[PDB]
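Here you get one chain, nothing else, as structure tokens; it is the form deposited in one PDB entry.
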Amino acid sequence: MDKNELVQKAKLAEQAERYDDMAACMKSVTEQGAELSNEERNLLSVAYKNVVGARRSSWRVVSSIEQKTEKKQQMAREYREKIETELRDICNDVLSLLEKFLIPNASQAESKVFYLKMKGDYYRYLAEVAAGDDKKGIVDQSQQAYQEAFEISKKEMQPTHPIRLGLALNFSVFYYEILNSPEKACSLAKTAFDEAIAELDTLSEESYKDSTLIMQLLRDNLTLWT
């Protein structure tokens, strides 16, 4: 099927709020092997964010129920495990597209950082529901993806670039929430915040529309965290 046709179906599914249909369209587009346009990259990202987001939300609700309760406490646990399997399938789906197509084909630093951050993110979602033995290997794969994104963005992007900022934000959250290491989390977010404000003290105009709001997120975590 024509790529432009799949794309127009993705947009139709989006307007109808059928995000599984939307993801299936952009997955087929990705599998055609050509590098994604900016528009296509956004549609793919938005589709899977909603798909995986519904499961994460369900998982948090059912976990909270499971905690606040012996026959009912076990029914919840087996439901939670049903949700976890959907979630893992979605994450593995995305991570496979990233590995097989998106990351090796990315010919620009901006796209490459975007996809590596996305890899960090989806391994983080796997770590959110990982248990015991497997968790440490998941957590390491998330961190290595973020770190690789981080090194590229430091060399190739302005400190106020929204993707660089969004990376520092999510990577800092990972340190805090997943690695429980706010000393590393605070340091990274602080360094990222400080570099962005040094740039804005120099230039007269913000180069990107969303820079300052993401900078605010960084400082608020910096103030909330130590």
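Just count from 1 along the sequence shown to find any residue number. Here, rigid core means the biggest group of C-alpha atoms that superpose within 1.5 Å across both forms.
Coverage remark for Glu17: present in the model in all other entries compared whose chains are built on both sides, leaving no third without it.
Note: missing coordinates for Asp210 occur in none of the other compared entries bracketing this position, so the one-third threshold is not reached. The modelled chain is continuous from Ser57 to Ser58, with every intervening residue of the deposited sequence accounted for.
When 24-32 is weighed against 174-182, 174-182 comes out higher, by mean CA B-factor as recorded in the entry. Mean CA temperature factor is higher for 128-136 when stretches 94-102 and 128-136 are set side by side in the entry.
Of the residues listed, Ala196, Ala47, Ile163, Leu188, the entry assigns the biggest Cα temperature factor to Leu188. Per the deposited record, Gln74 carries the highest C-alpha B-factor of all listed residues (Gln74, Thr85, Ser111, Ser153).
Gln216 sits in the highest third of its chain by CA B factor, as recorded in the PDB entry. Split the chain's modelled residues into thirds by C-alpha temperature factor. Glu14 is in the lowest one. In the PDB entry, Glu39 places in the middle third of its chain by CA B-factor. Among all modelled residues in its chain, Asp121 ranks in the lowest third by Cα B-factor.
Separately, the form deposited in another entry exists; it is not shown, and the next lines address it.
Once you line up the core between this form and the one not shown, the CA of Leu200 is the only one from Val173, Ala34, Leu179, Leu200 that shifts by 2 Å or more.
Comparing the forms between this form and the one not shown, the C-alpha position of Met215 differs by 2 angstroms or more, with the core used for superposition. Look at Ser207 and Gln147: in that other deposited form their Cα atoms move 3 Å or more farther apart than in this form. Figure legend: C-alpha atoms of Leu213 and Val46, shown here, are separated by at least 3 angstroms less in that other deposited form.
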